[PDB]
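Engineer: Data: query_23.cif, mmCIF, C-alpha atoms.
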```cif
data_data
#
loop_
_atom_site.label_atom_id
_atom_site.label_comp_id
_atom_site.auth_asym_id
_atom_site.auth_seq_id
_atom_site.Cartn_x
_atom_site.Cartn_y
_atom_site.Cartn_z
CA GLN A 1 20.12 14.89 -24.11
CA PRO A 2 17.88 13.83 -21.17
CA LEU A 3 20.25 13.56 -18.21
CA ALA A 4 18.22 10.59 -16.87
CA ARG A 5 19.85 8.33 -19.56
CA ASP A 6 23.11 8.76 -17.70
CA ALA A 7 21.91 8.51 -14.08
CA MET A 8 21.65 5.69 -11.61
CA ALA A 9 19.10 5.82 -8.79
CA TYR A 10 20.45 4.34 -5.61
CA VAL A 11 17.77 3.52 -3.05
CA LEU A 12 18.51 3.41 0.65
CA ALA A 13 16.03 0.90 2.07
CA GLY A 14 17.40 -0.09 5.50
CA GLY A 15 15.17 2.25 7.50
CA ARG A 16 13.75 0.32 10.43
CA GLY A 17 10.67 2.43 11.11
CA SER A 18 11.24 2.03 14.85
CA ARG A 19 8.12 4.05 15.67
CA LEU A 20 5.82 1.68 13.68
CA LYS A 21 6.62 -0.80 16.44
CA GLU A 22 5.29 -4.29 15.73
CA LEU A 23 4.43 -3.27 12.12
CA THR A 24 8.21 -3.34 11.49
CA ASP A 25 9.21 -6.24 13.76
CA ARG A 26 9.71 -8.78 10.89
CA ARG A 27 10.00 -6.37 7.89
CA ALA A 28 11.80 -3.13 6.97
CA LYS A 29 9.91 0.11 6.72
CA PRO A 30 10.19 0.26 2.88
CA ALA A 31 8.43 -3.16 2.82
CA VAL A 32 5.41 -1.81 4.66
CA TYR A 33 2.19 -2.07 2.65
CA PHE A 34 0.50 1.20 1.61
CA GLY A 35 -2.67 2.32 -0.12
CA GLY A 36 -4.14 -1.01 -1.21
CA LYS A 37 -1.70 -0.12 -3.94
CA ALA A 38 1.95 -0.96 -3.29
CA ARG A 39 4.71 -1.10 -0.67
CA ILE A 40 6.33 2.12 0.42
CA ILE A 41 9.53 1.41 -1.50
CA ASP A 42 7.61 1.26 -4.82
CA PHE A 43 7.08 5.03 -4.83
CA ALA A 44 10.79 5.92 -5.08
CA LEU A 45 11.35 3.05 -7.55
CA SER A 46 8.45 4.17 -9.71
CA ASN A 47 9.63 7.83 -9.67
CA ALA A 48 13.04 6.79 -10.95
CA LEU A 49 11.49 4.67 -13.72
CA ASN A 50 8.95 7.38 -14.61
CA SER A 51 11.81 9.91 -14.74
CA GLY A 52 13.73 7.80 -17.31
CA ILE A 53 16.26 6.37 -14.91
CA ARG A 54 16.63 2.71 -15.99
CA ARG A 55 19.53 1.81 -13.67
CA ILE A 56 18.47 1.24 -10.09
CA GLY A 57 20.28 -0.10 -7.07
CA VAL A 58 18.62 -0.78 -3.73
CA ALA A 59 20.68 -1.17 -0.56
CA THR A 60 18.98 -3.13 2.26
CA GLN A 61 19.94 -3.71 5.94
CA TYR A 62 17.60 -4.89 8.67
CA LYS A 63 14.91 -7.58 8.35
CA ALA A 64 15.10 -7.41 4.54
CA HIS A 65 13.80 -10.85 3.65
CA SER A 66 10.31 -9.78 2.56
CA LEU A 67 11.61 -6.59 0.89
CA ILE A 68 14.10 -8.57 -1.19
CA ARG A 69 11.43 -11.13 -2.16
CA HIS A 70 9.19 -8.21 -3.20
CA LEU A 71 11.92 -6.67 -5.32
CA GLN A 72 12.83 -10.06 -6.87
CA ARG A 73 9.20 -10.71 -7.84
CA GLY A 74 8.01 -7.19 -8.69
CA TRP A 75 11.00 -5.39 -10.17
CA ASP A 76 12.16 -8.14 -12.51
CA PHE A 77 11.77 -6.60 -15.92
CA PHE A 78 15.12 -4.81 -16.44
CA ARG A 79 17.56 -6.25 -18.99
CA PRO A 80 21.28 -5.28 -19.04
CA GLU A 81 21.43 -5.54 -22.85
CA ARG A 82 19.07 -2.57 -22.95
CA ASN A 83 21.26 -0.56 -20.57
CA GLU A 84 18.81 -1.34 -17.80
CA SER A 85 19.75 -2.74 -14.42
CA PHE A 86 18.13 -3.51 -11.09
CA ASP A 87 20.57 -4.50 -8.37
CA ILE A 88 19.48 -5.75 -4.97
CA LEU A 89 22.36 -5.15 -2.56
CA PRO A 90 22.19 -6.58 0.97
CA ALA A 91 25.72 -5.12 0.96
CA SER A 92 24.64 -2.52 3.19
CA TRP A 93 27.23 -5.52 8.79
CA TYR A 94 26.51 -2.32 6.87
CA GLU A 95 27.72 0.38 9.23
CA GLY A 96 26.25 3.46 7.57
CA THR A 97 24.25 5.07 4.79
CA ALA A 98 27.40 6.29 3.03
CA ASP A 99 28.96 2.84 3.31
CA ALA A 100 25.81 1.46 1.61
CA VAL A 101 26.99 3.11 -1.60
CA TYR A 102 30.74 2.77 -0.88
CA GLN A 103 30.77 -1.01 -0.51
CA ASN A 104 29.13 -1.47 -3.95
CA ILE A 105 31.38 0.83 -5.96
CA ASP A 106 32.35 -2.37 -7.83
CA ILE A 107 28.76 -2.74 -9.02
CA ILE A 108 28.48 0.95 -9.98
CA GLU A 109 31.64 1.68 -12.01
CA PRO A 110 31.04 -1.03 -14.66
CA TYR A 111 27.81 0.85 -15.52
CA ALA A 112 29.70 4.17 -15.40
CA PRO A 113 26.69 6.46 -14.80
CA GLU A 114 27.40 10.21 -15.23
CA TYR A 115 25.02 10.97 -12.27
CA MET A 116 24.01 9.38 -8.97
CA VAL A 117 20.54 10.00 -7.47
CA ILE A 118 20.45 8.89 -3.85
CA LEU A 119 16.91 8.27 -2.63
CA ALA A 120 15.35 7.40 0.67
CA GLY A 121 13.11 4.37 0.13
CA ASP A 122 10.80 5.04 3.07
CA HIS A 123 8.65 7.97 1.92
CA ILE A 124 5.47 8.14 -0.13
CA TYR A 125 5.72 10.76 -2.86
CA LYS A 126 5.91 11.40 -6.58
CA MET A 127 8.78 13.45 -8.19
CA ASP A 128 10.32 13.78 -11.71
CA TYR A 129 14.03 13.62 -10.97
CA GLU A 130 15.00 15.10 -14.38
CA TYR A 131 14.36 18.60 -12.98
CA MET A 132 16.88 18.06 -10.23
CA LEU A 133 19.49 16.68 -12.62
CA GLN A 134 19.14 19.73 -14.91
CA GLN A 135 19.52 22.02 -11.88
CA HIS A 136 22.45 20.03 -10.61
CA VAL A 137 24.49 20.45 -13.82
CA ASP A 138 23.33 24.02 -14.69
CA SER A 139 24.25 25.19 -11.20
CA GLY A 140 27.73 23.67 -11.18
CA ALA A 141 26.83 22.33 -7.74
CA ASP A 142 28.71 19.48 -6.08
CA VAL A 143 25.46 18.22 -4.49
CA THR A 144 21.82 19.10 -5.10
CA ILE A 145 19.60 18.26 -2.10
CA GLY A 146 15.87 17.63 -2.36
CA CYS A 147 13.89 19.74 0.11
CA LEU A 148 10.40 20.32 1.42
CA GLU A 149 9.19 23.89 1.93
CA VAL A 150 7.38 23.53 5.27
CA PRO A 151 6.29 25.94 8.07
CA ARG A 152 9.20 26.51 10.44
CA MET A 153 7.30 24.84 13.26
CA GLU A 154 6.67 21.62 11.29
CA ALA A 155 10.43 21.59 10.37
CA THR A 156 11.39 20.73 13.97
CA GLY A 157 11.36 16.96 13.32
CA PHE A 158 13.60 17.27 10.26
CA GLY A 159 17.19 17.79 9.20
CA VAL A 160 16.95 21.44 8.09
CA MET A 161 18.91 23.33 5.44
CA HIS A 162 19.74 27.01 5.96
CA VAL A 163 20.02 28.64 2.53
CA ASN A 164 20.83 32.08 1.07
CA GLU A 165 19.29 34.29 -1.66
CA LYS A 166 19.87 31.97 -4.66
CA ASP A 167 19.17 28.71 -2.72
CA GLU A 168 22.78 27.83 -1.90
CA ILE A 169 23.16 25.98 1.45
CA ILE A 170 25.30 27.54 4.24
CA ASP A 171 24.57 25.17 7.16
CA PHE A 172 22.51 22.14 8.29
CA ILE A 173 20.99 21.30 11.73
CA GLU A 174 19.47 18.01 12.86
CA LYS A 175 16.10 18.66 14.59
CA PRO A 176 16.46 22.47 15.29
CA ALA A 177 14.36 23.98 18.10
CA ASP A 178 14.06 27.18 16.04
CA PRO A 179 14.51 26.25 12.37
CA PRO A 180 16.36 28.83 10.25
CA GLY A 181 13.84 30.33 7.89
CA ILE A 182 14.15 30.95 4.18
CA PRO A 183 15.56 34.45 3.37
CA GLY A 184 12.54 36.63 2.51
CA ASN A 185 10.10 33.84 3.33
CA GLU A 186 10.66 33.28 7.04
CA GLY A 187 8.34 30.99 8.89
CA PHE A 188 8.98 28.48 6.12
CA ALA A 189 12.03 26.23 6.44
CA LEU A 190 13.71 23.90 3.93
CA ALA A 191 13.73 20.34 5.39
CA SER A 192 15.84 17.45 3.96
CA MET A 193 14.09 14.68 1.95
CA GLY A 194 17.31 12.68 2.05
CA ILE A 195 17.46 13.00 -1.74
CA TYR A 196 20.99 13.81 -3.05
CA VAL A 197 22.05 14.22 -6.70
CA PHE A 198 25.81 14.02 -7.45
CA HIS A 199 28.23 13.68 -10.33
CA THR A 200 29.37 10.08 -9.96
CA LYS A 201 33.09 10.87 -10.26
CA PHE A 202 32.69 13.36 -7.41
CA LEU A 203 30.74 11.01 -5.06
CA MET A 204 33.14 8.08 -5.47
CA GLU A 205 35.69 10.74 -4.46
CA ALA A 206 33.51 11.84 -1.52
CA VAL A 207 32.93 8.21 -0.48
CA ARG A 208 36.46 7.03 -1.11
CA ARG A 209 37.89 10.14 0.55
CA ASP A 210 36.31 10.05 3.96
CA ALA A 211 34.95 6.50 4.04
CA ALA A 212 37.39 4.38 6.03
CA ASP A 213 30.53 10.74 9.66
CA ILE A 214 28.65 12.88 7.16
CA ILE A 215 28.35 14.55 3.75
CA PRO A 216 27.41 17.99 5.00
CA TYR A 217 31.20 18.42 4.81
CA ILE A 218 30.24 19.57 1.31
CA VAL A 219 28.06 22.32 2.86
CA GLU A 220 31.06 23.84 4.72
CA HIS A 221 34.14 22.83 2.65
CA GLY A 222 32.20 22.85 -0.69
CA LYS A 223 29.14 23.78 -2.79
CA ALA A 224 25.67 22.45 -1.82
CA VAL A 225 22.47 23.83 -3.43
CA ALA A 226 18.85 23.14 -2.56
CA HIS A 227 16.16 21.79 -4.81
CA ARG A 228 12.56 22.42 -3.86
CA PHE A 229 9.96 19.65 -3.96
CA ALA A 230 7.49 22.13 -5.48
CA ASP A 231 9.74 22.64 -8.54
CA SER A 232 9.65 18.93 -9.52
CA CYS A 233 6.70 17.34 -7.65
CA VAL A 234 4.31 15.33 -9.75
CA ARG A 235 0.66 16.17 -9.18
CA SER A 236 -2.45 14.66 -10.74
CA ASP A 237 -5.42 16.92 -11.55
CA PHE A 238 -7.22 15.31 -8.59
CA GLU A 239 -4.53 16.13 -6.00
CA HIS A 240 -4.95 19.62 -4.49
CA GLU A 241 -1.31 19.86 -3.37
CA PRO A 242 2.11 18.19 -3.60
CA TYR A 243 1.81 14.89 -1.71
CA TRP A 244 4.56 13.64 0.59
CA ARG A 245 4.23 11.35 3.57
CA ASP A 246 6.66 9.80 6.03
CA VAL A 247 4.11 7.50 7.75
CA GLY A 248 6.59 7.45 10.62
CA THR A 249 4.10 6.48 13.35
CA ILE A 250 1.13 4.17 13.71
CA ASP A 251 -1.12 7.24 13.78
CA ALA A 252 0.41 8.74 10.65
CA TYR A 253 0.29 5.34 8.88
CA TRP A 254 -3.31 4.73 9.83
CA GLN A 255 -4.28 8.22 8.79
CA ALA A 256 -2.59 8.25 5.39
CA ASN A 257 -4.30 4.94 4.51
CA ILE A 258 -7.75 5.86 5.86
CA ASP A 259 -7.60 9.25 4.02
CA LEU A 260 -7.75 7.27 0.80
CA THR A 261 -11.39 6.47 1.71
CA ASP A 262 -12.22 10.23 1.32
CA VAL A 263 -14.46 11.45 -1.48
CA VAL A 264 -11.58 13.63 -2.69
CA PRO A 265 -8.38 11.98 -1.49
CA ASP A 266 -5.11 13.94 -1.22
CA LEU A 267 -3.38 11.05 -2.97
CA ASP A 268 -4.93 9.92 -6.29
CA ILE A 269 -4.30 6.13 -6.50
CA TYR A 270 -6.38 6.06 -9.70
CA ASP A 271 -3.91 8.20 -11.68
CA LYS A 272 -2.32 6.71 -14.85
CA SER A 273 -0.11 9.65 -15.78
CA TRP A 274 2.61 8.88 -13.25
CA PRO A 275 1.97 5.23 -12.36
CA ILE A 276 3.23 3.32 -9.35
CA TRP A 277 4.44 -0.12 -10.42
CA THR A 278 4.48 -2.88 -7.79
CA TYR A 279 4.34 -6.64 -7.31
CA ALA A 280 0.85 -7.79 -8.08
CA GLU A 281 -0.79 -11.11 -8.90
CA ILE A 282 -3.79 -11.83 -11.05
CA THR A 283 -6.57 -11.65 -8.48
CA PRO A 284 -10.30 -12.43 -8.73
CA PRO A 285 -12.70 -9.63 -7.96
CA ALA A 286 -14.06 -8.55 -4.60
CA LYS A 287 -17.37 -10.21 -3.61
CA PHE A 288 -20.19 -9.00 -1.35
CA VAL A 289 -22.85 -11.46 -0.15
CA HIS A 290 -25.85 -11.68 2.14
CA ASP A 291 -28.60 -9.10 2.23
CA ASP A 292 -30.72 -10.05 5.33
CA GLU A 293 -32.58 -8.54 8.27
CA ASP A 294 -29.62 -9.65 10.39
CA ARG A 295 -26.62 -9.41 8.00
CA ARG A 296 -25.44 -7.52 4.93
CA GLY A 297 -22.08 -7.80 3.24
CA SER A 298 -21.28 -4.37 1.87
CA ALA A 299 -18.82 -1.54 2.04
CA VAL A 300 -19.46 2.21 2.42
CA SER A 301 -16.88 5.00 2.28
CA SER A 302 -14.26 2.30 1.84
CA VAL A 303 -11.57 0.98 -0.49
CA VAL A 304 -11.69 -2.77 -1.14
CA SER A 305 -9.05 -4.69 -3.11
CA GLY A 306 -9.59 -7.82 -5.13
CA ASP A 307 -9.80 -11.36 -3.69
CA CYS A 308 -11.74 -9.87 -0.81
CA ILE A 309 -14.94 -11.69 0.18
CA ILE A 310 -17.23 -9.55 2.32
CA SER A 311 -19.71 -12.12 3.56
CA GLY A 312 -22.42 -10.58 5.69
CA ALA A 313 -19.85 -8.16 7.08
CA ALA A 314 -20.41 -4.40 7.40
CA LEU A 315 -17.50 -2.15 6.39
CA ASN A 316 -17.46 1.57 6.86
CA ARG A 317 -14.58 3.91 6.33
CA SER A 318 -12.13 1.12 5.92
CA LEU A 319 -9.32 0.16 3.56
CA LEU A 320 -8.73 -3.50 2.67
CA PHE A 321 -5.73 -4.91 0.95
CA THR A 322 -5.93 -8.05 -1.16
CA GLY A 323 -7.10 -11.36 0.25
CA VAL A 324 -9.42 -10.32 3.08
CA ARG A 325 -12.19 -12.61 4.26
CA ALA A 326 -14.75 -10.80 6.43
CA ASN A 327 -17.40 -13.14 7.80
CA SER A 328 -21.07 -12.89 8.77
CA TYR A 329 -22.21 -10.40 11.44
CA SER A 330 -18.68 -8.82 11.64
CA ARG A 331 -18.18 -5.04 11.38
CA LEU A 332 -15.17 -2.88 10.49
CA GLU A 333 -15.04 0.89 10.89
CA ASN A 334 -12.02 3.12 10.56
CA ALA A 335 -9.98 -0.01 9.82
CA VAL A 336 -6.82 -0.42 7.71
CA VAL A 337 -6.66 -4.08 6.92
CA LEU A 338 -3.50 -5.60 5.43
CA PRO A 339 -3.56 -8.52 3.00
CA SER A 340 -5.03 -11.93 3.76
CA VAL A 341 -6.63 -10.94 7.10
CA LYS A 342 -9.61 -13.03 8.19
CA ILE A 343 -12.35 -11.51 10.36
CA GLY A 344 -14.43 -14.03 12.22
CA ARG A 345 -18.20 -13.91 12.63
CA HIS A 346 -19.53 -11.35 15.08
CA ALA A 347 -16.25 -9.54 15.48
CA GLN A 348 -16.59 -5.73 15.71
CA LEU A 349 -13.48 -3.58 15.25
CA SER A 350 -13.00 0.20 15.06
CA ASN A 351 -9.90 2.41 14.70
CA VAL A 352 -7.44 -0.37 13.95
CA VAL A 353 -4.46 -1.29 11.79
CA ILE A 354 -4.59 -5.07 11.31
CA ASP A 355 -1.33 -6.71 10.29
CA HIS A 356 -0.87 -9.04 7.30
CA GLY A 357 -2.33 -12.52 7.72
CA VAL A 358 -3.93 -11.96 11.14
CA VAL A 359 -6.93 -14.19 11.91
CA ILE A 360 -9.33 -12.19 14.12
CA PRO A 361 -11.24 -14.45 16.53
CA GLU A 362 -15.01 -14.78 16.28
CA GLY A 363 -16.62 -12.23 18.60
CA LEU A 364 -13.57 -10.05 19.24
CA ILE A 365 -14.37 -6.41 20.08
CA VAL A 366 -11.87 -3.57 19.60
CA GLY A 367 -12.60 0.13 19.94
CA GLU A 368 -15.24 -0.17 22.69
CA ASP A 369 -13.13 -0.42 25.85
CA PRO A 370 -9.89 1.66 25.80
CA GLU A 371 -8.38 -0.07 28.88
CA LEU A 372 -8.92 -3.64 27.72
CA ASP A 373 -7.68 -2.48 24.28
CA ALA A 374 -4.34 -1.13 25.62
CA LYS A 375 -3.75 -4.39 27.58
CA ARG A 376 -4.40 -6.69 24.64
CA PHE A 377 -2.87 -4.59 21.85
CA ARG A 378 -0.71 -1.65 20.79
CA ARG A 379 -2.91 1.41 21.34
CA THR A 380 -1.77 4.92 20.41
CA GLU A 381 -2.78 8.00 22.42
CA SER A 382 -5.26 8.78 19.65
CA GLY A 383 -7.02 5.41 20.07
CA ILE A 384 -5.70 3.30 17.13
CA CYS A 385 -5.02 -0.35 17.85
CA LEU A 386 -2.33 -2.14 15.88
CA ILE A 387 -3.23 -5.85 15.96
CA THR A 388 -0.78 -8.67 15.13
CA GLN A 389 -1.10 -12.42 15.26
CA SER A 390 1.14 -12.60 18.36
CA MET A 391 -1.13 -10.23 20.29
CA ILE A 392 -4.09 -12.40 19.32
CA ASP A 393 -2.31 -15.66 20.28
CA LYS A 394 -1.87 -14.69 23.96
CA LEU A 395 -5.59 -14.09 24.78
#
```
As structure tokens - that is how I would like this structure written.
Structural biologist:
Amino acid sequence: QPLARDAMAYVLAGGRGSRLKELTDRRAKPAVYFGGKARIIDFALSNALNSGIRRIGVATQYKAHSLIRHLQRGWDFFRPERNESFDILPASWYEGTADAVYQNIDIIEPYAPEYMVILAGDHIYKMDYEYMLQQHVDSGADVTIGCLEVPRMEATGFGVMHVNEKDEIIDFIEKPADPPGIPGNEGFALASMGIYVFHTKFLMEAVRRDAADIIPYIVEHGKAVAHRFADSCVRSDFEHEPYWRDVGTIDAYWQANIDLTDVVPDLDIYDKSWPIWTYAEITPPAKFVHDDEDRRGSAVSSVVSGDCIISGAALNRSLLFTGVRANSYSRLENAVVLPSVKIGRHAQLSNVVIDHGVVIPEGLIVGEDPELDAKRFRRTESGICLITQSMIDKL
């Protein structure tokens, strides 16, 4: 009996993405657009669905308006008569991650799932959660915790799990200077994905027995085991390794998107085997016009969504979301361009993330003058400008 039939996925989607700065000023991190493909939250949601988990809850917190609208419009196909449910819970004040689940016990117990699968909604990755449920029951564990096997140095910006010979967890440190290594495989550490499988009876206990803090109390006073991302990752034939991304900074967000322009991308957005569902509208095709001595609308080494009209504009190494209008004599290079952006004639922009809906003035130049760029816009140390409508308005 597939254990997924009896599980509920509970998605924590209050993450602010503080380090994305003005990208997350009027939206939560899980609402952030990714890949010309989806919003970040759709990865976790899609994994649950693809894994056979048909009961999903999503707890929101900060600036959730657009996230909730997205869920309402995109994730609307679950029917309770078929033992399917999708609950949007702005329960999660809020006060904590644990409280996000606690305060909606009265939504959970009616469904009576045998298993809870707690998921962070702010990471991009694909995983078949049935593996982790089978480990969780077979192992007799109180909690199974999803983990990345990363080099000890890279584990420094992570909650890290110190394990023993058979993967049982003996301690946990937040951001360790010298991350405890894996026994017999030192120089790799086991970092926390913030993915926790429980028995539901147990967790209601844990939540209503310590609610009115932290559940690594289980580590010390109980039985926590570790599940490795590599044991249940989903990989397409065109992905050379298990893909996971945090896109925690403007650099990392830019990079993950622009990497999709590669000839052989790390993430395969063309894969059908483990599909990412999202909110999408019927959209006309992308259009390229003008082929002149002075202007040519085309794209090279780029990803272009539908309803994009590239009119005498030159795009190189760029990713455009739906709705973009790029106008004559403009040029984009190394640009990640969110939906519905307009690029005026003669504008030239390089190494930018352009926010949703921004109208870029005729003639604007970005990525020529680093000093002017840092005055007008959010510039990273690496040279990426994040451009919003409010930065454009005060020029």
Engineer: Could you please determine the separation between atom CA of residue A:213 and atom CA of residue A:174 in Å, to one decimal place?
Structural biologist: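 Computed distance, atom CA of residue A:213 to atom CA of residue A:174, equals 13.6 Å.
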Engineer: Give me, as a list in words, all polymer residues having an atom no more than 10 Å from residue A:366, counting all atoms listed in the file and skipping those fewer than 5 positions away in the same chain.
Structural biologist: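 Skipping anything fewer than 5 positions along the chain leaves residues 332, 347, 348, 349, 350, 351, 352, 372, 373, 374, 376, 377, 384, 385 and 387 of chain A.
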Engineer: Do you know which residues are at most 7 Å from residue A:152 counting all atoms listed in the file, after dropping those on the same chain fewer than 3 positions away, and could you put them as a PDB file with C-alpha atoms, in the coordinates of the input?
Structural biologist:
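Saved result, out.pdb, follows:
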```
ATOM      1  CA  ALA A 155      10.430  21.590  10.370  1.00  0.00           C
ATOM      2  CA  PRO A 179      14.510  26.250  12.370  1.00  0.00           C
ATOM      3  CA  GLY A 181      13.840  30.330   7.890  1.00  0.00           C
ATOM      4  CA  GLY A 187       8.340  30.990   8.890  1.00  0.00           C
ATOM      5  CA  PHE A 188       8.980  28.480   6.120  1.00  0.00           C
ATOM      6  CA  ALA A 189      12.030  26.230   6.440  1.00  0.00           C
TER       7      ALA A 189
END
```
Engineer: Of the candidates A:70, A:21, A:37, A:162, which shows the shortest atom-to-atom distance to residue A:219, using all atoms listed in the file?
Structural biologist: A:162
Engineer: Enter the distance from atom CA of residue A:285 to atom CA of residue A:359, in Å, rounded to one decimal.
Structural biologist: 21.2 Å
Engineer: What residues come out when you apply the PyMOL selection byres ((chain A and resi 102-116) around 6) to this file, written as an MDAnalysis selection string?
Structural biologist: chainID A and resid 6:8 99:101 117 197:200 207
Engineer: Translate the PyMOL selection byres ((chain A and resi 166) around 12), as applied to the file shown, into an explicit residue set as an MDAnalysis selection string.
Structural biologist: chainID A and resid 139 162:165 167:170 182:184 224:227
